[PDB]
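Pasting input_39.pdb here (PDB, C-alpha atoms):
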```pdb
ATOM      1  CA  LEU K 359     -41.992 241.121 332.163
ATOM      2  CA  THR K 360     -41.102 244.829 331.940
ATOM      3  CA  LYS K 361     -37.759 245.211 333.796
ATOM      4  CA  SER K 362     -39.431 247.791 336.065
ATOM      5  CA  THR K 363     -38.620 246.366 339.499
ATOM      6  CA  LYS K 364     -39.512 249.548 341.402
ATOM      7  CA  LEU K 365     -41.287 249.841 344.752
ATOM      8  CA  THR K 366     -43.586 252.664 345.851
ATOM      9  CA  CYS K 367     -45.546 253.670 348.946
ATOM     10  CA  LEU K 368     -48.905 255.402 348.504
ATOM     11  CA  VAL K 369     -50.511 257.858 350.933
ATOM     12  CA  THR K 370     -54.286 258.315 351.068
ATOM     13  CA  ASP K 371     -56.909 260.217 353.098
ATOM     14  CA  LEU K 372     -54.334 262.891 354.003
ATOM     15  CA  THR K 373     -55.028 266.611 353.768
ATOM     16  CA  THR K 374     -54.527 268.321 350.401
ATOM     17  CA  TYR K 375     -51.401 270.277 351.330
ATOM     18  CA  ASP K 376     -47.945 270.763 349.803
ATOM     19  CA  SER K 377     -44.263 270.319 350.739
ATOM     20  CA  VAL K 378     -44.407 266.513 350.747
ATOM     21  CA  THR K 379     -41.305 264.438 349.991
ATOM     22  CA  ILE K 380     -40.983 260.641 350.030
ATOM     23  CA  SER K 381     -37.432 259.414 350.655
ATOM     24  CA  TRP K 382     -36.413 255.748 350.677
ATOM     25  CA  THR K 383     -33.886 254.596 353.284
ATOM     26  CA  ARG K 384     -32.169 251.211 353.413
ATOM     27  CA  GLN K 385     -31.054 249.269 356.494
ATOM     28  CA  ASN K 386     -27.747 251.189 356.600
ATOM     29  CA  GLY K 387     -29.433 254.601 356.367
ATOM     30  CA  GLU K 388     -27.928 255.459 352.978
ATOM     31  CA  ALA K 389     -30.009 257.555 350.593
ATOM     32  CA  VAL K 390     -31.177 256.609 347.101
ATOM     33  CA  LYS K 391     -32.067 258.479 343.916
ATOM     34  CA  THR K 392     -34.989 260.905 343.943
ATOM     35  CA  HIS K 393     -38.219 260.678 341.932
ATOM     36  CA  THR K 394     -40.353 262.812 339.625
ATOM     37  CA  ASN K 395     -43.892 262.900 338.182
ATOM     38  CA  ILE K 396     -45.631 264.185 341.304
ATOM     39  CA  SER K 397     -49.368 263.511 341.278
ATOM     40  CA  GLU K 398     -52.089 266.089 341.931
ATOM     41  CA  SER K 399     -55.096 266.344 344.229
ATOM     42  CA  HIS K 400     -58.360 264.438 343.811
ATOM     43  CA  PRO K 401     -61.915 265.822 343.562
ATOM     44  CA  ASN K 402     -62.725 263.965 346.812
ATOM     45  CA  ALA K 403     -60.441 266.406 348.704
ATOM     46  CA  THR K 404     -57.831 263.676 349.228
ATOM     47  CA  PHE K 405     -54.155 264.149 348.405
ATOM     48  CA  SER K 406     -52.147 261.507 346.549
ATOM     49  CA  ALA K 407     -48.365 261.125 346.454
ATOM     50  CA  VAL K 408     -46.090 258.363 345.162
ATOM     51  CA  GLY K 409     -42.420 257.809 345.952
ATOM     52  CA  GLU K 410     -40.447 256.086 343.195
ATOM     53  CA  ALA K 411     -37.058 254.433 343.667
ATOM     54  CA  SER K 412     -34.799 252.150 341.636
ATOM     55  CA  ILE K 413     -33.256 249.011 343.141
ATOM     56  CA  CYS K 414     -31.278 246.124 341.664
ATOM     57  CA  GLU K 415     -32.674 242.664 340.979
ATOM     58  CA  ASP K 416     -30.024 240.950 343.115
ATOM     59  CA  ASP K 417     -30.652 243.306 346.048
ATOM     60  CA  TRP K 418     -34.340 242.361 346.229
ATOM     61  CA  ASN K 419     -33.548 238.630 346.200
ATOM     62  CA  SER K 420     -31.138 239.157 349.125
ATOM     63  CA  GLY K 421     -33.961 240.191 351.473
ATOM     64  CA  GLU K 422     -32.706 243.704 352.182
ATOM     65  CA  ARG K 423     -34.732 245.879 354.554
ATOM     66  CA  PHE K 424     -36.283 248.917 352.853
ATOM     67  CA  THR K 425     -38.162 251.625 354.754
ATOM     68  CA  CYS K 426     -40.464 254.305 353.338
ATOM     69  CA  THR K 427     -41.059 257.330 355.571
ATOM     70  CA  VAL K 428     -44.136 259.560 355.325
ATOM     71  CA  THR K 429     -43.516 263.319 355.576
ATOM     72  CA  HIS K 430     -46.845 265.128 355.954
ATOM     73  CA  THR K 431     -47.558 268.516 357.505
ATOM     74  CA  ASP K 432     -50.518 267.285 359.572
ATOM     75  CA  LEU K 433     -48.689 264.341 361.161
ATOM     76  CA  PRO K 434     -45.559 265.481 363.060
ATOM     77  CA  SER K 435     -44.306 261.909 363.571
ATOM     78  CA  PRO K 436     -42.992 260.235 360.385
ATOM     79  CA  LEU K 437     -44.240 256.648 360.350
ATOM     80  CA  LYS K 438     -41.950 253.864 359.131
ATOM     81  CA  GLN K 439     -43.180 251.199 356.700
ATOM     82  CA  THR K 440     -41.004 248.122 356.152
ATOM     83  CA  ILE K 441     -41.097 246.306 352.800
ATOM     84  CA  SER K 442     -39.012 243.175 352.251
ATOM     85  CA  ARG K 443     -39.292 239.896 350.372
ATOM     86  CA  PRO K 444     -39.859 236.997 352.815
ATOM     87  CA  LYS K 445     -36.926 234.628 352.354
ATOM     88  CA  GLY K 446     -37.051 230.923 353.130
ATOM     89  CA  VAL K 447     -40.293 230.200 351.241
ATOM     90  CA  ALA K 448     -40.563 227.190 348.949
ATOM     91  CA  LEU K 449     -41.401 227.354 345.243
ATOM     92  CA  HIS K 450     -44.307 225.380 343.777
ATOM     93  CA  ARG K 451     -45.558 224.995 340.221
ATOM     94  CA  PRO K 452     -48.977 226.664 339.791
ATOM     95  CA  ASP K 453     -51.801 224.543 338.383
ATOM     96  CA  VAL K 454     -54.208 226.310 336.013
ATOM     97  CA  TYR K 455     -57.764 224.947 335.934
ATOM     98  CA  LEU K 456     -60.568 226.293 333.736
ATOM     99  CA  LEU K 457     -64.145 225.821 334.938
ATOM    100  CA  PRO K 458     -66.738 226.112 332.140
ATOM    101  CA  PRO K 459     -70.154 227.549 333.038
ATOM    102  CA  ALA K 460     -72.726 225.021 334.198
ATOM    103  CA  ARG K 461     -75.901 224.141 332.307
ATOM    104  CA  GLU K 462     -78.045 225.810 334.997
ATOM    105  CA  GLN K 463     -76.644 229.265 334.155
ATOM    106  CA  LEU K 464     -77.349 229.183 330.396
ATOM    107  CA  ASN K 465     -81.111 229.543 330.884
ATOM    108  CA  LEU K 466     -81.801 233.293 331.052
ATOM    109  CA  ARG K 467     -79.721 233.937 327.887
TER     110      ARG K 467
ATOM    111  CA  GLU F 230     -17.675 285.150 384.124
ATOM    112  CA  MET F 231     -21.225 283.818 383.743
ATOM    113  CA  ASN F 232     -22.325 280.941 381.535
ATOM    114  CA  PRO F 233     -24.449 282.171 378.605
ATOM    115  CA  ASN F 234     -28.068 281.065 378.389
ATOM    116  CA  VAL F 235     -28.882 279.009 375.283
ATOM    117  CA  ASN F 236     -32.393 279.260 373.826
ATOM    118  CA  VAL F 237     -33.683 277.842 370.535
ATOM    119  CA  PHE F 238     -36.914 279.001 368.893
ATOM    120  CA  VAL F 239     -39.170 276.794 366.777
ATOM    121  CA  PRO F 240     -41.750 277.606 364.082
ATOM    122  CA  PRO F 241     -45.408 277.817 365.144
ATOM    123  CA  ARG F 242     -47.452 274.636 365.377
ATOM    124  CA  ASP F 243     -50.042 275.869 362.849
ATOM    125  CA  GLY F 244     -47.496 276.702 360.132
ATOM    126  CA  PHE F 245     -45.077 279.507 359.384
ATOM    127  CA  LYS F 252     -39.380 278.221 354.670
ATOM    128  CA  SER F 253     -38.556 279.458 358.177
ATOM    129  CA  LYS F 254     -35.554 280.467 360.285
ATOM    130  CA  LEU F 255     -33.960 279.269 363.522
ATOM    131  CA  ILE F 256     -32.788 281.841 366.079
ATOM    132  CA  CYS F 257     -30.316 280.964 368.842
ATOM    133  CA  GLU F 258     -29.868 283.719 371.432
ATOM    134  CA  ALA F 259     -27.156 284.024 374.087
ATOM    135  CA  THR F 260     -27.703 286.732 376.705
ATOM    136  CA  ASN F 261     -26.002 287.948 379.888
ATOM    137  CA  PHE F 262     -22.566 286.653 378.894
ATOM    138  CA  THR F 263     -19.076 288.071 379.394
ATOM    139  CA  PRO F 264     -16.708 288.899 377.781
ATOM    140  CA  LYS F 265     -17.947 290.189 374.415
ATOM    141  CA  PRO F 266     -16.335 287.585 372.080
ATOM    142  CA  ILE F 267     -18.503 284.508 371.541
ATOM    143  CA  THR F 268     -18.873 281.862 368.829
ATOM    144  CA  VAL F 269     -22.222 280.367 367.786
ATOM    145  CA  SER F 270     -22.688 277.525 365.293
ATOM    146  CA  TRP F 271     -25.433 275.142 364.176
ATOM    147  CA  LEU F 272     -25.702 271.363 363.887
ATOM    148  CA  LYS F 273     -27.975 269.155 361.778
ATOM    149  CA  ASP F 274     -28.417 265.540 362.935
ATOM    150  CA  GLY F 275     -24.927 265.595 364.430
ATOM    151  CA  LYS F 276     -23.339 266.886 361.208
ATOM    152  CA  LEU F 277     -21.449 270.148 360.779
ATOM    153  CA  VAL F 278     -23.237 272.888 358.831
ATOM    154  CA  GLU F 279     -21.076 274.506 356.149
ATOM    155  CA  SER F 280     -23.536 277.004 354.632
ATOM    156  CA  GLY F 281     -26.956 278.544 355.141
ATOM    157  CA  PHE F 282     -26.240 280.285 358.459
ATOM    158  CA  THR F 283     -25.333 283.863 359.353
ATOM    159  CA  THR F 284     -24.308 285.616 362.570
ATOM    160  CA  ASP F 285     -25.522 289.123 363.375
ATOM    161  CA  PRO F 286     -23.156 291.660 364.978
ATOM    162  CA  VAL F 287     -23.024 291.564 368.765
ATOM    163  CA  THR F 288     -25.111 294.299 370.391
ATOM    164  CA  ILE F 289     -25.038 295.779 373.895
ATOM    165  CA  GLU F 290     -28.165 295.229 375.990
ATOM    166  CA  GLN F 297     -22.568 295.404 381.356
ATOM    167  CA  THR F 298     -24.122 292.618 379.277
ATOM    168  CA  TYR F 299     -24.052 291.680 375.597
ATOM    169  CA  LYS F 300     -26.474 289.987 373.210
ATOM    170  CA  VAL F 301     -25.712 287.828 370.164
ATOM    171  CA  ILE F 302     -28.258 286.401 367.714
ATOM    172  CA  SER F 303     -27.737 283.846 364.943
ATOM    173  CA  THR F 304     -30.005 282.945 362.026
ATOM    174  CA  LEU F 305     -30.133 279.544 360.314
ATOM    175  CA  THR F 306     -32.108 279.008 357.112
ATOM    176  CA  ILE F 307     -34.203 275.824 357.106
ATOM    177  CA  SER F 308     -36.854 274.314 354.846
ATOM    178  CA  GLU F 309     -40.336 273.151 355.797
ATOM    179  CA  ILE F 310     -39.697 269.566 354.668
ATOM    180  CA  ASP F 311     -36.501 269.223 356.719
ATOM    181  CA  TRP F 312     -38.097 270.593 359.898
ATOM    182  CA  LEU F 313     -41.074 268.222 359.643
ATOM    183  CA  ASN F 314     -38.714 265.262 359.066
ATOM    184  CA  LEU F 315     -37.962 265.177 362.833
ATOM    185  CA  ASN F 316     -34.368 266.240 362.186
ATOM    186  CA  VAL F 317     -32.368 267.200 365.273
ATOM    187  CA  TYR F 318     -30.993 270.754 365.297
ATOM    188  CA  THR F 319     -28.454 271.759 367.949
ATOM    189  CA  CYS F 320     -27.083 275.229 368.708
ATOM    190  CA  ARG F 321     -23.442 275.100 369.821
ATOM    191  CA  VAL F 322     -22.126 277.945 371.991
ATOM    192  CA  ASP F 323     -18.462 278.164 373.001
ATOM    193  CA  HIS F 324     -17.535 280.543 375.818
ATOM    194  CA  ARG F 325     -14.495 280.543 378.130
ATOM    195  CA  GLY F 326     -13.585 277.028 377.020
ATOM    196  CA  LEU F 327     -17.060 275.630 377.755
ATOM    197  CA  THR F 328     -19.407 274.149 375.148
ATOM    198  CA  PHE F 329     -23.196 274.232 375.539
ATOM    199  CA  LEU F 330     -25.523 272.097 373.411
ATOM    200  CA  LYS F 331     -29.310 272.460 373.220
ATOM    201  CA  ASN F 332     -31.471 269.947 371.348
ATOM    202  CA  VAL F 333     -34.990 270.719 370.115
ATOM    203  CA  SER F 334     -37.637 268.797 368.192
ATOM    204  CA  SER F 335     -41.278 268.999 367.152
ATOM    205  CA  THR F 336     -43.558 269.704 370.110
ATOM    206  CA  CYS F 337     -46.631 268.023 368.601
ATOM    207  CA  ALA F 338     -44.588 264.890 367.808
TER     208      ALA F 338
ATOM    209  CA  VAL B 228     -37.977 302.237 343.557
ATOM    210  CA  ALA B 229     -40.666 299.815 344.785
ATOM    211  CA  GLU B 230     -43.144 299.213 347.601
ATOM    212  CA  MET B 231     -43.796 295.736 349.004
ATOM    213  CA  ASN B 232     -46.244 294.622 351.672
ATOM    214  CA  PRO B 233     -44.539 293.627 354.945
ATOM    215  CA  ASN B 234     -44.209 289.964 355.882
ATOM    216  CA  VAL B 235     -45.196 288.932 359.416
ATOM    217  CA  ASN B 236     -43.461 285.990 361.103
ATOM    218  CA  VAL B 237     -43.859 284.885 364.727
ATOM    219  CA  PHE B 238     -41.421 282.661 366.629
ATOM    220  CA  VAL B 239     -42.575 280.619 369.627
ATOM    221  CA  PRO B 240     -40.580 278.527 372.135
ATOM    222  CA  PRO B 241     -40.720 274.719 372.014
ATOM    223  CA  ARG B 242     -41.996 272.452 374.774
ATOM    224  CA  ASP B 243     -38.523 272.516 376.383
ATOM    225  CA  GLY B 244     -37.973 276.248 375.851
ATOM    226  CA  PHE B 245     -38.810 277.242 379.443
ATOM    227  CA  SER B 246     -36.145 277.490 382.146
ATOM    228  CA  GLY B 247     -35.280 279.385 385.306
ATOM    229  CA  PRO B 248     -36.947 279.523 388.718
ATOM    230  CA  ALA B 249     -40.662 278.831 388.857
ATOM    231  CA  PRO B 250     -42.658 280.284 387.214
ATOM    232  CA  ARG B 251     -40.575 279.837 384.054
ATOM    233  CA  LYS B 252     -40.532 282.530 381.372
ATOM    234  CA  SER B 253     -39.694 282.665 377.671
ATOM    235  CA  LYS B 254     -39.647 285.137 374.776
ATOM    236  CA  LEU B 255     -41.589 285.734 371.563
ATOM    237  CA  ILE B 256     -39.977 287.057 368.376
ATOM    238  CA  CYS B 257     -41.896 288.943 365.679
ATOM    239  CA  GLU B 258     -39.786 289.949 362.676
ATOM    240  CA  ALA B 259     -40.582 291.713 359.404
ATOM    241  CA  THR B 260     -38.221 291.338 356.443
ATOM    242  CA  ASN B 261     -38.070 292.906 352.972
ATOM    243  CA  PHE B 262     -40.552 295.585 354.059
ATOM    244  CA  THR B 263     -40.832 299.279 353.192
ATOM    245  CA  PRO B 264     -41.106 301.999 354.477
ATOM    246  CA  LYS B 265     -38.403 301.464 357.114
ATOM    247  CA  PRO B 266     -40.480 302.763 360.082
ATOM    248  CA  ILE B 267     -42.787 300.106 361.510
ATOM    249  CA  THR B 268     -45.042 299.765 364.555
ATOM    250  CA  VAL B 269     -45.000 296.467 366.465
ATOM    251  CA  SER B 270     -47.682 295.713 369.057
ATOM    252  CA  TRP B 271     -48.530 292.555 370.993
ATOM    253  CA  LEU B 272     -52.065 291.348 371.735
ATOM    254  CA  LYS B 273     -52.961 288.717 374.347
ATOM    255  CA  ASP B 274     -56.578 287.488 374.173
ATOM    256  CA  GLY B 275     -57.628 290.868 372.795
ATOM    257  CA  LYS B 276     -55.698 292.838 375.440
ATOM    258  CA  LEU B 277     -52.876 295.142 374.374
ATOM    259  CA  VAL B 278     -49.499 294.502 376.015
ATOM    260  CA  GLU B 279     -47.903 297.726 377.272
ATOM    261  CA  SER B 280     -45.004 296.305 379.312
ATOM    262  CA  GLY B 281     -42.379 293.586 379.222
ATOM    263  CA  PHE B 282     -41.472 294.087 375.553
ATOM    264  CA  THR B 283     -38.360 295.442 373.841
ATOM    265  CA  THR B 284     -38.175 296.289 370.129
ATOM    266  CA  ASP B 285     -34.748 296.397 368.510
ATOM    267  CA  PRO B 286     -33.950 299.319 366.179
ATOM    268  CA  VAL B 287     -34.582 298.697 362.493
ATOM    269  CA  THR B 288     -31.377 297.820 360.636
ATOM    270  CA  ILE B 289     -30.509 297.334 356.976
ATOM    271  CA  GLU B 290     -30.441 293.684 355.903
ATOM    272  CA  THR B 295     -31.874 296.987 343.863
ATOM    273  CA  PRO B 296     -34.801 297.682 346.202
ATOM    274  CA  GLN B 297     -33.713 298.736 349.679
ATOM    275  CA  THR B 298     -34.529 296.235 352.430
ATOM    276  CA  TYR B 299     -34.863 296.522 356.205
ATOM    277  CA  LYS B 300     -35.364 294.173 359.144
ATOM    278  CA  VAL B 301     -36.904 294.673 362.587
ATOM    279  CA  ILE B 302     -36.748 292.378 365.628
ATOM    280  CA  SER B 303     -39.120 292.571 368.604
ATOM    281  CA  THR B 304     -38.972 290.566 371.836
ATOM    282  CA  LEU B 305     -41.852 290.049 374.278
ATOM    283  CA  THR B 306     -41.483 288.378 377.671
ATOM    284  CA  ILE B 307     -44.120 285.701 378.314
ATOM    285  CA  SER B 308     -45.000 283.432 381.226
ATOM    286  CA  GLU B 309     -45.245 279.646 381.144
ATOM    287  CA  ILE B 310     -48.623 279.669 382.916
ATOM    288  CA  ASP B 311     -50.176 281.942 380.283
ATOM    289  CA  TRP B 312     -48.843 279.737 377.475
ATOM    290  CA  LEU B 313     -50.338 276.604 379.052
ATOM    291  CA  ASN B 314     -53.783 278.273 379.105
ATOM    292  CA  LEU B 315     -53.963 278.131 375.270
ATOM    293  CA  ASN B 316     -53.558 281.910 375.059
ATOM    294  CA  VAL B 317     -53.245 283.320 371.535
ATOM    295  CA  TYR B 318     -50.513 285.881 370.841
ATOM    296  CA  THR B 319     -50.910 288.238 367.875
ATOM    297  CA  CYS B 320     -48.241 290.532 366.426
ATOM    298  CA  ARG B 321     -49.697 293.841 365.220
ATOM    299  CA  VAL B 322     -47.930 295.468 362.257
ATOM    300  CA  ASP B 323     -48.845 298.923 360.939
ATOM    301  CA  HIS B 324     -47.812 299.781 357.370
ATOM    302  CA  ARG B 325     -49.150 302.924 355.654
ATOM    303  CA  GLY B 326     -52.474 302.556 357.449
ATOM    304  CA  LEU B 327     -52.704 298.804 356.785
ATOM    305  CA  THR B 328     -52.846 296.285 359.634
ATOM    306  CA  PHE B 329     -51.398 292.772 359.358
ATOM    307  CA  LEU B 330     -52.128 290.209 362.074
ATOM    308  CA  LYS B 331     -50.654 286.748 362.652
ATOM    309  CA  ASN B 332     -52.183 284.275 365.110
ATOM    310  CA  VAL B 333     -50.135 281.558 366.823
ATOM    311  CA  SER B 334     -51.022 279.053 369.534
ATOM    312  CA  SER B 335     -49.774 275.877 371.195
ATOM    313  CA  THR B 336     -52.670 273.832 369.782
ATOM    314  CA  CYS B 337     -51.693 271.080 367.349
TER     315      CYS B 337
END
```
Represent the supplied structure as structure tokens.
Amino acid sequence: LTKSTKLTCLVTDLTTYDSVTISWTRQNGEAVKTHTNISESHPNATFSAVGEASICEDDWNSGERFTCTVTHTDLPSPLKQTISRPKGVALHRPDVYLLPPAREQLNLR
Amino acid sequence: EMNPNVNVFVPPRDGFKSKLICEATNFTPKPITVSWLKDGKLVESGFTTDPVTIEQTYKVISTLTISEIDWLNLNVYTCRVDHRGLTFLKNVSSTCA
Amino acid sequence: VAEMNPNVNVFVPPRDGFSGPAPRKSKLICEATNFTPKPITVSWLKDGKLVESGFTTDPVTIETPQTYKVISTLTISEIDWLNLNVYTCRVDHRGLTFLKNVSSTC
């Protein structure tokens, strides 16, 4: 719809600190382009960061393995999150059904 | 002819950019070469070597400039010391990890 | 031409920074950079007790405002480090005291 096939990983409930960088690594370990538009802190004392990356349409359909690593000061061990499109799934035509409200609901006006 | 001791210092657990210091002590003769490694890759810039001082024994100290983000990324830093044809490698990482 | 407050940085050994015959020993490095005046007093505190032995302070050397650097080394024991002891580097600068607290706690 928008030609914006980007993928991001969001971090929540972490401490409101600085020096946070989100780098995307593929299955071969090669690096990708960086990102901008860093978010700010929330009134609930929770930090928010988003890592933006640009991939190709054909790469996503090939089921490539993409890993987002979290780099936070509190956690010394960077966790690995794997995001990939599950290949081998069948395609079905969706059926749209509209259910009008029943006569028992149109009583209280 | 005594093998030099290799020691690598790490930033404090509760916070400090920072610097990495590799110290070789009680080595002979005076000439010695000290370098730095980053994830098995040669470092071309960002490191300096102080003049060798006399503590007969000698002392040599090297300083490597690092960033907070790189240190917390669990990157492997190795201090390479060459002395009398022998190479010593010391690997360090985050203690709290 | 200018006066800048000294910066206090403390270096601690890693988990695998202890070697030698038991008990193992290591070193602590407290360095001040881009500080003036050149003279500086470096003292080590261990749980509120002043350390008067086992330390060696290197002479201050030169690293446009003039800059200087000072390196101090204190010998420490592995047993003391494992007891969650806190080491503080005391810096005196024109009557001002700057303290930095480090520990093995995560």
Contacts of residue B:262 within 7 Å, all atoms listed in the file, excl. fewer than 5 positions in-chain, as a PyMOL selection string: chain B and resi 231-234+298-299
Nearby residues (only C-alpha atoms) at most 8 Å from residue K:408, same-chain spacing under 5 positions excluded, as a list in words: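 Counting only C-alpha atoms, the residues come to residues 366, 367, 368, 369, 380, 396 and 397 of chain K.
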Go ahead and dump the residues you just picked, C-alpha atoms, as a PDB file, in the frame of the given file.
```pdb
ATOM      1  CA  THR K 366     -43.586 252.664 345.851  1.00  0.00           C
ATOM      2  CA  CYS K 367     -45.546 253.670 348.946  1.00  0.00           C
ATOM      3  CA  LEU K 368     -48.905 255.402 348.504  1.00  0.00           C
ATOM      4  CA  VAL K 369     -50.511 257.858 350.933  1.00  0.00           C
ATOM      5  CA  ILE K 380     -40.983 260.641 350.030  1.00  0.00           C
ATOM      6  CA  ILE K 396     -45.631 264.185 341.304  1.00  0.00           C
ATOM      7  CA  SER K 397     -49.368 263.511 341.278  1.00  0.00           C
TER       8      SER K 397
END
```
Where does the PyMOL selection byres ((chain F and resi 287-297) around 9) land in this file, that is, which residues does it pick, as a JSON list (two decimals) with C-alpha atoms, in the frame of the given file?
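Heads up, here's the output in out_17.json:
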```json
[["chain", "number", "residue", "atom", "x", "y", "z"],
["F", 260, "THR", "CA", -27.70, 286.73, 376.70],
["F", 261, "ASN", "CA", -26.00, 287.95, 379.89],
["F", 263, "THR", "CA", -19.08, 288.07, 379.39],
["F", 265, "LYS", "CA", -17.95, 290.19, 374.42],
["F", 266, "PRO", "CA", -16.34, 287.58, 372.08],
["F", 267, "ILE", "CA", -18.50, 284.51, 371.54],
["F", 284, "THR", "CA", -24.31, 285.62, 362.57],
["F", 285, "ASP", "CA", -25.52, 289.12, 363.38],
["F", 286, "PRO", "CA", -23.16, 291.66, 364.98],
["F", 298, "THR", "CA", -24.12, 292.62, 379.28],
["F", 299, "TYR", "CA", -24.05, 291.68, 375.60],
["F", 300, "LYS", "CA", -26.47, 289.99, 373.21],
["F", 301, "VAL", "CA", -25.71, 287.83, 370.16],
["F", 302, "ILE", "CA", -28.26, 286.40, 367.71]]
```
Hits of the PyMOL selection byres ((chain B and resi 259-261) around 10) in this structure, as a PDB file with C-alpha atoms, in the coordinates of the input:
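Generated file (selection-v4.pdb):
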```pdb
ATOM      1  CA  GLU B 230     -43.144 299.213 347.601  1.00  0.00           C
ATOM      2  CA  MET B 231     -43.796 295.736 349.004  1.00  0.00           C
ATOM      3  CA  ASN B 232     -46.244 294.622 351.672  1.00  0.00           C
ATOM      4  CA  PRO B 233     -44.539 293.627 354.945  1.00  0.00           C
ATOM      5  CA  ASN B 234     -44.209 289.964 355.882  1.00  0.00           C
ATOM      6  CA  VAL B 235     -45.196 288.932 359.416  1.00  0.00           C
ATOM      7  CA  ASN B 236     -43.461 285.990 361.103  1.00  0.00           C
ATOM      8  CA  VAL B 237     -43.859 284.885 364.727  1.00  0.00           C
ATOM      9  CA  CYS B 257     -41.896 288.943 365.679  1.00  0.00           C
ATOM     10  CA  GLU B 258     -39.786 289.949 362.676  1.00  0.00           C
ATOM     11  CA  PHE B 262     -40.552 295.585 354.059  1.00  0.00           C
ATOM     12  CA  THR B 263     -40.832 299.279 353.192  1.00  0.00           C
ATOM     13  CA  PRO B 264     -41.106 301.999 354.477  1.00  0.00           C
ATOM     14  CA  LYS B 265     -38.403 301.464 357.114  1.00  0.00           C
ATOM     15  CA  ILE B 267     -42.787 300.106 361.510  1.00  0.00           C
ATOM     16  CA  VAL B 269     -45.000 296.467 366.465  1.00  0.00           C
ATOM     17  CA  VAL B 287     -34.582 298.697 362.493  1.00  0.00           C
ATOM     18  CA  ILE B 289     -30.509 297.334 356.976  1.00  0.00           C
ATOM     19  CA  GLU B 290     -30.441 293.684 355.903  1.00  0.00           C
ATOM     20  CA  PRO B 296     -34.801 297.682 346.202  1.00  0.00           C
ATOM     21  CA  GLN B 297     -33.713 298.736 349.679  1.00  0.00           C
ATOM     22  CA  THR B 298     -34.529 296.235 352.430  1.00  0.00           C
ATOM     23  CA  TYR B 299     -34.863 296.522 356.205  1.00  0.00           C
ATOM     24  CA  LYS B 300     -35.364 294.173 359.144  1.00  0.00           C
ATOM     25  CA  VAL B 301     -36.904 294.673 362.587  1.00  0.00           C
ATOM     26  CA  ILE B 302     -36.748 292.378 365.628  1.00  0.00           C
ATOM     27  CA  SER B 303     -39.120 292.571 368.604  1.00  0.00           C
ATOM     28  CA  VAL B 322     -47.930 295.468 362.257  1.00  0.00           C
TER      29      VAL B 322
END
```
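Of note, atom CA of residue K:405 and atom CA of residue K:433 are spaced 13.9 Å apart.
Between atom CA of residue B:332 and atom CA of residue B:317 lies a distance of 6.6 Å.
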Evaluating the PyMOL selection byres ((chain K and resi 446-455) around 12) on the displayed file yields which residues, as an mmCIF file with C-alpha atoms, keeping the file's coordinate frame?
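Result written to expr_5.cif:
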```cif
data_model
loop_
_atom_site.group_PDB
_atom_site.id
_atom_site.type_symbol
_atom_site.label_atom_id
_atom_site.label_comp_id
_atom_site.auth_asym_id
_atom_site.auth_seq_id
_atom_site.Cartn_x
_atom_site.Cartn_y
_atom_site.Cartn_z
ATOM 1 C CA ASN K 419 -33.548 238.630 346.200
ATOM 2 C CA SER K 420 -31.138 239.157 349.125
ATOM 3 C CA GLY K 421 -33.961 240.191 351.473
ATOM 4 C CA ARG K 443 -39.292 239.896 350.372
ATOM 5 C CA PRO K 444 -39.859 236.997 352.815
ATOM 6 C CA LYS K 445 -36.926 234.628 352.354
ATOM 7 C CA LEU K 456 -60.568 226.293 333.736
ATOM 8 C CA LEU K 457 -64.145 225.821 334.938
ATOM 9 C CA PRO K 458 -66.738 226.112 332.140
#
```
Need the axis-aligned box for stretch 254-265 of chain B with 3 Å each side, so what are the centre and edges in Å to one decimal, as JSON?
```
{"center_x": -40.0, "center_y": 293.6, "center_z": 363.9, "size_x": 9.8, "size_y": 22.9, "size_z": 27.8}
```
